[PDB]
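Here is how names work: the chains are called A, B, and so on, in the same order as the sequence lines, proteins then strands, and each is numbered from 1. In listed order, ligands and their atoms are each counted from 1. Below, all heavy atoms of this structure are taken into account, side chains as well, without hydrogens, waters or symmetry copies.
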Amino acid sequence: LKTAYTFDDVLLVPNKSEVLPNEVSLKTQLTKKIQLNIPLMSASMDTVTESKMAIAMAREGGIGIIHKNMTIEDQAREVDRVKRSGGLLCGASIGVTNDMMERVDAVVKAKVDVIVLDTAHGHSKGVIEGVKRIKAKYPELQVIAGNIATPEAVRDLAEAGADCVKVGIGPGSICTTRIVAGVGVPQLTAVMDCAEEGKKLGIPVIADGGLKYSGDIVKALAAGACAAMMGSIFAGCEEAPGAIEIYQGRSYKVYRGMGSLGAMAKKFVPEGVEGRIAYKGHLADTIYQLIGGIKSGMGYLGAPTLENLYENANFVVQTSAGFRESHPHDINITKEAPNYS
Amino acid sequence: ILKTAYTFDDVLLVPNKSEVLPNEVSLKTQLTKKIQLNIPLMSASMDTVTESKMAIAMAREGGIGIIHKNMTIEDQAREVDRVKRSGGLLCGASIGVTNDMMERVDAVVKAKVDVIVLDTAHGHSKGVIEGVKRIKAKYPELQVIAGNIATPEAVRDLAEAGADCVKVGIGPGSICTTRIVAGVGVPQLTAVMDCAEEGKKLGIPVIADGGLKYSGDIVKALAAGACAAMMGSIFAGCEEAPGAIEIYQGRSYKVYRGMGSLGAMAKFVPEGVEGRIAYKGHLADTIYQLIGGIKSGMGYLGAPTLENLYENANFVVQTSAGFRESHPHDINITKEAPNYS
Amino acid sequence: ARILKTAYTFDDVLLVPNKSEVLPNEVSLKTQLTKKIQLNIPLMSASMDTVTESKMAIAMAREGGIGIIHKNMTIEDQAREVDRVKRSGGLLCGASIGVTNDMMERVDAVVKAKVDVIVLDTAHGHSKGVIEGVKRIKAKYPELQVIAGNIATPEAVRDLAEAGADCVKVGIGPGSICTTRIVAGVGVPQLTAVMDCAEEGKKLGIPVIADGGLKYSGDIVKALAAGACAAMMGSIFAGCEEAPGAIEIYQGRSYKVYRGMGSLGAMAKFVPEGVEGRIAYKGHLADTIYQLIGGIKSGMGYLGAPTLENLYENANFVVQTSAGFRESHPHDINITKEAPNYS
Amino acid sequence: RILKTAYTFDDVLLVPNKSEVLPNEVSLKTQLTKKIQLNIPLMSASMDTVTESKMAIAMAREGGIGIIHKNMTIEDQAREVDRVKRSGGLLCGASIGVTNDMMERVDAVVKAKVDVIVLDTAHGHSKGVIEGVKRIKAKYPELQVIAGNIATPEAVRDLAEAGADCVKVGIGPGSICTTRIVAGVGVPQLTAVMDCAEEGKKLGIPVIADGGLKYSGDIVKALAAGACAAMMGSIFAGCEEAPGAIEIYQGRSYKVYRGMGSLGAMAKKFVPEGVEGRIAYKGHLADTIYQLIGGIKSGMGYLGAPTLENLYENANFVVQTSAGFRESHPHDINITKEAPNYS
Ligand SMILES: C=C(C)c1cccc(C(C)(C)NC(=O)Nc2ccc(Cl)c(OCC(=O)O)c2)c1
Ligand SMILES: C=C(C)c1cccc(C(C)(C)NC(=O)Nc2ccc(Cl)c(OCC(=O)O)c2)c1
Ligand SMILES: C=C(C)c1cccc(C(C)(C)NC(=O)Nc2ccc(Cl)c(OCC(=O)O)c2)c1
Ligand SMILES: C=C(C)c1cccc(C(C)(C)NC(=O)Nc2ccc(Cl)c(OCC(=O)O)c2)c1
Ligand SMILES: O=c1[nH]cnc2c1ncn2[C@@H]1O[C@H](COP(=O)(O)O)[C@@H](O)[C@H]1O
Ligand SMILES: O=c1[nH]cnc2c1ncn2[C@@H]1O[C@H](COP(=O)(O)O)[C@@H](O)[C@H]1O
Ligand SMILES: O=c1[nH]cnc2c1ncn2[C@@H]1O[C@H](COP(=O)(O)O)[C@@H](O)[C@H]1O
Ligand SMILES: O=c1[nH]cnc2c1ncn2[C@@H]1O[C@H](COP(=O)(O)O)[C@@H](O)[C@H]1O
């Protein structure tokens, strides 16, 4: 049995640097045809991304994926609100269902830029045939297929015609897939394995779920992922759907998995939980902290571009004792940091 | 030092290419060569888990229950008979290595029990080996499960005495202090694996008994090669289990104790503890969650049958960091999930 | 590379079951503390002033074990304590001795009091002082049984065996009240230390004592399977009524004071190597001993061992991770009744 | 792409050695360079909550050295240096950053007779630091230059070639540090020290083990790894001589402590790499040093090491697990008394 690692298992080693954090470029190719100015995407979840999130993401240089837990017409409307807010980029998740192409037609007429054929188990007959049929009707349409965790999945989805694949089985902060079904692979080893296959095929991969800190994004990108998708980092922002609740003098936002009971009900066996996270203000202040943390990581590693970061990044594995050293330790913190807990 | 040994929380199953949905998979399993179950679940023989009402309900769901032996021989026969009357359902019976062993066996077979479980603390022992041979001598066709053991040597030796099936588990029990008190045991996932591996070479099933907390654990135990999975904790809060409801801060709990605890054996030197657990309601509802979870994991792994799940399962070890990613994290869960906590 | 050996303590490992022809009540817990000194059970009470004086050493001896009277008292007082134990039936008794100018005056007085065995006990047993101490004790008192410690390496076992040690005490820093690893950065995880010292002890024919870091009876079984001839405990015995010290009330419960011999309080410009605290009152020693003995016999039955020696020759260990540890203790239950061997 | 498992201090223990020397026999003497001898191998961190003139004077009088922090006007820091230089020719240091005004800061601490500058930066393996050392050594050939912070042998070899007299190792281990969280970058501090020390020995360059030390034992491990000295902020920030307000929380008095990369420090937007907090007030620096020195002498005593060079040459390391980590700290006891060297 081989050991697989997540982000908190590894640290990136400093390289010689001639660049400073404000000198590096975060541009990335989400697909051959879609370039993003920062490597960040908001999750296609009903407590993270609707048109208001998708607009602010796009203005920051990333992209949002409008969730599909709504009627076909309303999702087309959401996409429409983004595209009419100054020609920004927009995505939209699609499902393996009988009405699948009826939903695609709608958001395609609303000029969506990318579709995410998004399922619990992406390495499947449904998703492979779905990609083919979507490409049959819309050959120009950019397709992201997921979710997967193995290089074999990258191959089979690349052959179905996906323009991009999304890596992540069970890392999500609100996910119980690993509890309920016992299936997953630790996210850093997942992205590393699939990214290396992605680059042999010329197909990019997205690191999706399990990211908590800007440093976790740096590890994902250094592992070969074109981009990072978050729910929990963005769920607490004002632009995410759902009002703020105040509890014990602090303010929180509802955040829940799309396999949770609340989400699915808009019996069954959930693969996600429903809870609340701390309110973080506007999306612009979160994005800034993440971007700054990413540029800081790339500086330590001497990388002026994302591709140079990936070709020169060395990881080391840290134990549970290294873990404690790598977070603030042996101190009573009195003031919360803007980029730490 | 032999080697490192893993339990359920140490490992994850790797997704496979899949052409089958969770609702397409079959859960049928051979408990012995003569006894098929529609689903691979067993309720433990404990005085707070399985009497006739629980073995009736387990049987209705396609499983089986083992009526505990902490009662007179007469009452145990009644309980079996109470089960068989209710539509010819399948029933099991716990026998111990005692003086009245044949007397107890005599009565449970008169009530037409389908399988007996000759189980002791240390099943790899002259007592059990000789016990099996003696039972099989007087009742050759009667199905006999022997346990508990944790080594392939034990599997081979129990097989050569005549056991129709062997039960794996020394110390994983949620109420168990054997490993604390005696320092003895094998992490349950490594034991089932090494034991199933030997057991399959001999044509003898092994049962994963003890230590199961969630449905994903059952999937791990079956991917490892168990023909079935035996639970105490998961069933012991259900309506059909014996024991009084106590209310603590407006919530309903239910007694659950080890058979080697003080209360059960009633100086003594116990090897279990005694306590309370959240009342879960009807068994059928708990079984529904566990069953959904198993079908979900088998769909993730492309396996339409348990045997195909065993042949194509790939485990990866996760660190304690992988472990924190593999549970909901960085959220205050506000709603209760039917399959998590 | 300087870092290649991983070392394990008791919670890292589990004993694998063996085929068994023995039941728990059939096993023999007898063991040779030294060639001259047999014990009926392999338990010793620590030479600490919150653990062992005459009252604790008397009670340990009646149960088949032995206590070591601590040396934080005047020479005359330690000899009275020894005499007290020895006068009450000829029970076994040990006593502690340090590397000091008056070392032999202390050894004289406990020998006049009929002590069966002395422990030349220092923080660093693998030292010129302790090596020459044994030599000088054996020259004045050749028949005197001498345990030397504490140590943690096979080289330590050999050198002290060659000084005259009849038995070697192993444990650098596993103590529940010990800060040696904290303060100095020095130690060996206790199960690997015992394994490695026992193995060298066996080649030379000198027994070794697993000293410190035992919590539950299962740990003692691992100590014995690893080769130790006997096991020494402060924490497990310190709550008992026979342990010296006051009853403090905290959160409405009764505790008894327990502290390192290297702590500030025990030593009364000090740099201590242990702390001072309280553990919950356990009642009398007979209860605690009884559960320990019950647990050791249980594990020997799981391993088919009728003697401590047979347990050592046939014990296989398996390493468990921090997730295995979680499974190896009770889990997912609000325990509602007090267990006599688990808290 | 995973190179190796890397270790920090709590991952390891030093194995005892045969010893002919007691703790009060060992020498703690060391040197930053041949020109900068220290009676003990300890330096207080250059942080605005750790080392101004008061702390440098007292560090100097205990045989260590203080690095006056640079979060102040060039004039003020030279004044602070001049203040410790006049208190009996005590040794002094001063931290310099890679800024536009950096040569005038060097000029001004040089005129004040400072003994060593620390060109201190977030990422020391950089063209900026490399060029900085060259510029400093070209104008002041005799000035002792420490350069950091770094974590790799390659960085050692580069800074050595720039002209650095001493290299400072530590990316991420700081108690107040979030670099590893926000940027994902760092190297567990024991492996970093060990690899950088070994590269520094091939080149004749000494390395300083900076950050992540919590107990006196951690320092022993760093010196045995080959560091010539150890730098600490958390351990000294609680002392009376440290700058910083006293806060009170549940019966204890605290001192403010914060990373130089936190929000408060940088305010003399921002993406911080450190946090702002508080540390238990410890009283006078003399008592903290006494416990640190005594703990270090204790560990060298255990390793049979009469000097730091002998400590480094004979130190064997062993890896403990999380289970072993729980054994290496006081366990299973309600600790009722403060220990002067353990909290
Ligand atoms: C993000 C997740 C996980 C998720 C989101 C919304 C719902 C679910 C529910 C329904 C709970 N779970 C499943 O569908 N689980 C499942 C598991 C295995 C297979 Cl092969 C499968 O194949 C159908 C498909 O791929 O749609 C499905 C889960
Ligand atoms: C499920 C467990 C663990 C259990 C259930 C009810 C009682 C016990 C008690 C009595 C506490 N414990 C033992 O019997 N323990 C033991 C230990 C070793 C041997 Cl070989 C042995 O062999 C005799 C027998 O098999 O009765 C027994 C335990
Ligand atoms: C049980 C322990 C640990 C202990 C008990 C009472 C006192 C101490 C104090 C004094 C705190 N600590 C020491 O003596 N520590 C020390 C450390 C290294 C050496 Cl080599 C040494 O060599 C003299 C000797 O071997 O006594 C001594 C500790
Ligand atoms: C000791 C730490 C951690 C630290 C101290 C004061 C400030 C900082 C702030 C500003 C938060 N962080 C940075 O400057 N971070 C950074 C990261 C990469 C590079 Cl290449 C870089 O190049 C300038 C330099 O190395 O001076 C800088 C951090
Ligand atoms: O309920 C669910 N079960 C499993 N995964 C989910 C569920 N809902 C969302 N996800 C995934 O989890 C990701 C968010 O993870 P987070 O950034 O760690 O909070 C999403 O982008 C999806 O890939
Ligand atoms: O007190 C006991 N000591 C040790 N094992 C026990 C005891 N009582 C029940 N068991 C075992 O533990 C299993 C239940 O474990 P659970 O499913 O984790 O709650 C049973 O099926 C027995 O194999
Ligand atoms: O203060 C001390 N520092 C380090 N070890 C000590 C100290 N006092 C007692 N010991 C050791 O710790 C053992 C007790 O460990 P315990 O059984 O884990 O509580 C004693 O037998 C001594 O070997
Ligand atoms: O804010 C910062 N971010 C990261 N490291 C810092 C910061 N400020 C100081 N340091 C480092 O942390 C060390 C002190 O760590 P400590 O001794 O664990 O408290 C200093 O000597 C610096 O090397």
Enquirer: Does any N or O of ligand 7 fall below 3.5 Å from an N or O anywhere on C:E273, backbone included?
Expert: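 Right, the criterion is met.
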Enquirer: Could you check atom 3 (C) of ligand 3 against the protein and tell me its nearest heavy-atom contact, residue, atom and distance included?
Expert: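 Among all protein heavy atoms, the one nearest atom 3 (C) of ligand 3 is C:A123 CB, 3.6 Å.
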Enquirer: Students should be able to answer this: which protein heavy-atom is nearest to atom 8 (C) of ligand 1, and at what distance?
Expert: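 Looking only at protein heavy atoms, the one closest to atom 8 (C) of ligand 1 is A:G259 CA, 4.0 Å.
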Enquirer: Going by heavy atoms in the side chains, are C:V188 and D:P16 under 4.5 Å from each other?
Expert: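 Side-chain contact under 4.5 Å: yes.
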Enquirer: Just to confirm my output: which protein heavy-atom neighbour is closest to atom 15 (O) of ligand 7, and how far is it?
Expert: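 Looking only at protein heavy atoms, the one closest to atom 15 (O) of ligand 7 is C:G212 CA, 3.4 Å.
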Enquirer: Measure from atom 10 (C) of ligand 1 to every heavy atom in A:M264, A:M258, B:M298 and give the option owning the shortest one.
Expert: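 That would be A:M264.
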Enquirer: If we set the cut-off at 4.0 Å for heavy atoms, which region of C:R259 has an atom near ligand 7: side chain, backbone, both, or neither?
Expert: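 None of C:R259 does.
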Enquirer: How close does the nearest protein non-hydrogen atom get to atom 21 (O) of ligand 7, and which residue and atom is it?
Expert: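 The closest heavy atom on the protein side is C:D211 OD1, 2.6 Å.
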Enquirer: Does C:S127 come within less than 4.0 angstrom of ligand 3, counting non-hydrogen atoms of the residue?
Expert: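 False for this residue.
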Enquirer: Look up atom 13 (C) of ligand 7 and tell me if a protein heavy atom lies less than 4.0 Å from it?
Expert: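 So far as the 4.0 Å threshold goes, atom 13 (C) of ligand 7 is in reach of a protein heavy atom.
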Enquirer: Please identify which atoms of ligand 3 are closer than 4.0 Å to at least one heavy atom of C:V271.
Expert: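 Answer for ligand 3: 11 (C).
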Enquirer: For ligand 7, find out whether one of its N or O atoms is nearer than 3.5 Å to an N or O atom of C:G234.
Expert: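 C:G234 vs ligand 7: N/O contact under 3.5 Å present.
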Enquirer: Does the protein put a heavy atom less than 4.0 Å from atom 1 (C) of ligand 1?
Expert: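 No.
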Enquirer: Report the member of B:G299, A:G272, B:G292 with the shortest heavy-atom distance to atom 20 (Cl) of ligand 1.
Expert: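 Ranked by closest heavy atom to atom 20 (Cl) of ligand 1, first place is B:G299.
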Enquirer: May I ask you to check whether C:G213 has an N/O atom sitting below 3.5 Å from an N/O atom of ligand 7?
Expert: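 Min N/O separation from ligand 7 is below 3.5 Å for C:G213.
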Enquirer: Does this structure show an ion pair linking C:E132 with C:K128, if we count only N-O contacts that are shorter than 4.0 Å?
Expert: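 Yes.
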Enquirer: Please report which non-hydrogen protein atom sits nearest to atom 24 (C) of ligand 3, along with the residue it belongs to and the distance in Å to one decimal place.
Expert: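 Sorting protein heavy atoms by distance from atom 24 (C) of ligand 3 puts C:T122 CB, 3.9 Å first.
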